[PDB]
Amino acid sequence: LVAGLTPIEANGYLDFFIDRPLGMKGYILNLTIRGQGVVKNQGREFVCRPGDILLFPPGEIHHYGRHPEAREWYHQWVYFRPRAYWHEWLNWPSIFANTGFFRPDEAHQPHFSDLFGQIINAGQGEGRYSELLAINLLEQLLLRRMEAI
């Protein structure tokens, strides 16, 4: 767990498109908080809105940025190599290829972007056991997803 938040601003610093066509060895959950995002894949084009958590399993093409009509795309991301049991709570409904999708119900959403947010901090924390809490919260989050669906 190394996690963080990326503030894409139109015409700003990191306003480039991340483009990892052959993926990574680790899972990446992506949660839009501000602006719209545009996850692209083989000619297709989804479009995230805030409150959306997308799953990018090992090997998935990573290609997304700010959707051309959006003024930005702030989003927290968490990169991780999953715990043993975790595997089961990682079969998520795709949109195209095996890029997972979530989008809580009005009531569940705040706590999810809130529980997700808690992960980022933990993981980016100058602390002793803080790497584990991130892992632990990353755990709690997924569990939460189940009890939801």
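Numbering starts at 1 and runs along the sequence shown.
The question of which stretch, 64 to 72 or 114 to 122, has the higher mean Cα B factor is settled in favour of 114 to 122. Higher mean CA B-factor, judged across 135 to 143 and 7 to 15 from the recorded values: 135 to 143.
Within the selection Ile28, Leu90, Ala107, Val38, the deposited Cα B-factor values reach their highest point at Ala107.
Set against one another, the Cα B-factors of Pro58, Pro82, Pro50, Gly43 in the record reach their highest point at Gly43.
Sort the chain's modelled residues by C-alpha temperature factor and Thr32 lands in the lowest third, per the entry. Ranked within its chain, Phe101 lands in the lowest third, by CA B factor from the PDB record.
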